[PDB]
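Note: ideal-geometry Cβ built from the backbone for every residue, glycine included; neighbour counts use all protein chains shown. All of the numbers you see were taken from the coordinates with simple rules; none came from a lab.
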Amino acid sequence: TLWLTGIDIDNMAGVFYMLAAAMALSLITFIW
Amino acid sequence: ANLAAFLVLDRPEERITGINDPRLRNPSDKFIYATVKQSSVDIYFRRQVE
């Protein structure tokens, strides 16, 4: 005790996921 | 998320626990502290050797 002691990133993924969902829906509308 | 990251950890410097604070173990010029003079505090510091 005496000695030897002492001392987000997911926003881009989410926006990519929502963009991919929007693109998929747009493709569905286009094919319909 | 930003508000939680702001409020979880307090930006102010942590208070000194006592005579066994981590900064006291290895004093540095960035955190300078001293007593007044050769008074009883200095006698206690000299008597302590750890």
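Tally up the residues in chain A that are assigned to a helix (DSSP H, G or I) and hydroxyl-bearing (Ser, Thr, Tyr), please.
Step one: list which residues in chain A are assigned to a helix (DSSP H, G or I), which gives A:10-31.
Imposing the further condition that a residue be hydroxyl-bearing (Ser, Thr, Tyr) reduces the set to A:17, A:26, A:29.
So the count comes out to 3.
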Checklist entry - So, of the residues in region B:29-50 that are surrounded by 10 or more Cβ atoms within 10 Å (Cβ to Cβ) and within 18 Å of the chain's Cα centre (by Cα), which turns out to be nearest to the other protein chains (Cβ to nearest Cβ)? => result B:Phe31
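In region A:10-25, what residues are among the aliphatic types (A, V, I, L, M) and either farther than 16 Å from B:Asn2 by Cβ or surrounded by 10 or more Cβ atoms within 10 Å (Cβ to Cβ) (or both)? I'd like the intermediate steps shown before the answer.
Of region A:10-25, the ones among the aliphatic types (A, V, I, L, M) are A:12-13, A:15, A:18-25.
Within region A:10-25, A:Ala13, A:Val15, A:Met18, A:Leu19, A:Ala20, A:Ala21, A:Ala22, A:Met23, A:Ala24, A:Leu25 qualify.
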Checklist outcome for this item: Result of the Cβ filter at 7 Å on region B:12-31, keeping first residues that are closer than 20 Å to A:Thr1 by Cβ and partners that are surrounded by 10 or more Cβ atoms within 10 Å (Cβ to Cβ) and not hydroxyl-bearing (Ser, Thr, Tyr), at least 6 apart or interchain, is B:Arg23/B:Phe31
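Among the residues that make up region B:17-39, is at least one of them in contact with a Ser or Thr (Cβ under 8 Å, 6 or more places away or on another chain) and among the acidic types (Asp, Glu)? Reasoning before the result, please.
Filtering region B:17-39 down to residues in contact with a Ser or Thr (Cβ under 8 Å, 6 or more places away or on another chain) leaves B:25.
Subset that is among the acidic types (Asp, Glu): none.
No, there is no match, as no residue in region B:17-39 is in contact with a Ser or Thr (Cβ under 8 Å, 6 or more places away or on another chain) and among the acidic types (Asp, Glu).
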